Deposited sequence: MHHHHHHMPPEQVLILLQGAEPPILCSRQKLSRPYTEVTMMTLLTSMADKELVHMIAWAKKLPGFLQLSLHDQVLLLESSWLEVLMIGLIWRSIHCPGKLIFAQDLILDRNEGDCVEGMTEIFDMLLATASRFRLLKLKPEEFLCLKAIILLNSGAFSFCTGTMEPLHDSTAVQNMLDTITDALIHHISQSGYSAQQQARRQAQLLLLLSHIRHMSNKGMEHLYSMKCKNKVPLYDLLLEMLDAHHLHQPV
């Protein structure tokens, strides 16, 4: 594996450029325009960010697309949470778009999604999540050797799970190395590593529950964000 101190330099050097989006107060339709436009903007930066990771481009297009399609909103969420680590009650969707929690009230069902995200941002702050740990955790979210799809009536895994696993072990080795260098005891190193990886599975859980809540908002009040996100996945052929 590539040495861990260099992995962290590569990851930091591959971070997407700062984003930028809009008249307040937001209505139901302006907030939809807000959220669907930043999702598209950060996806385009996500696809470019992934191609910068070592070994990602030597994968088949199929495996590249499967990895991105599996983790896109999970990557979207961890970055949004990480940008809001230091503004309790606020969510920084972009550098010109930081929304107070109550601003989601114009869309029925959106405020509880914000609360979900805001609660994990507070957990980020309580854990004192370091910038190195955020970079590793976000890359681990993408490099899921267990990724698969049902979209064709047959369970379709990766063409090369072992290659994705090789990249996964590289990142996880780098995470363990950084924690070993952050002045923790042997016991606290193992515990923190456990907390951070359990933090990862919660972000995955928030992705399911959020998209599932967006679908119920579609059925209940015709909120179209669920459809806009799915239609966005098609325009990028995911």
{"query": "Missing stretches, numbered from 1 on the deposited chain sequence and kept in order", "finding": "1 to 6, 28 to 30, 248 to 251"}
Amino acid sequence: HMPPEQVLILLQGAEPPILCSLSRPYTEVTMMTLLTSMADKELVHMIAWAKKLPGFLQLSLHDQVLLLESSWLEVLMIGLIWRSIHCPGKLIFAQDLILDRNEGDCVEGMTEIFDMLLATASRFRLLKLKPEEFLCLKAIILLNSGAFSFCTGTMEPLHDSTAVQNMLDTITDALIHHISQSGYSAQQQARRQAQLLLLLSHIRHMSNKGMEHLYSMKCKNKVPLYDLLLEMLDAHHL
From here on, numbers count along this sequence of modelled residues.
| query | finding |
| --- | --- |
| Between the two ranges 159 to 167 and 94 to 102, the one averaging a larger CA B factor in the entry | 94 to 102 |
| Of 7 to 15 and 215 to 223, the one with larger mean CA B-factor | 215 to 223 |
| Residue, from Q193, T172, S70, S182, that the PDB entry assigns the highest Cα B-factor | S182 |
| Lowest, middle or highest third - CA B-factor, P88 | middle |
| Relative C-alpha B-factor of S60, binned into the chain's lowest, middle or highest third | lowest |
| For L129, the third of its chain into which the C-alpha B factor falls | middle |
| Relative C-alpha B-factor of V29, binned into the chain's lowest, middle or highest third | highest |
| Where the record places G153 (Cα B-factor, split into thirds across the chain) | highest |
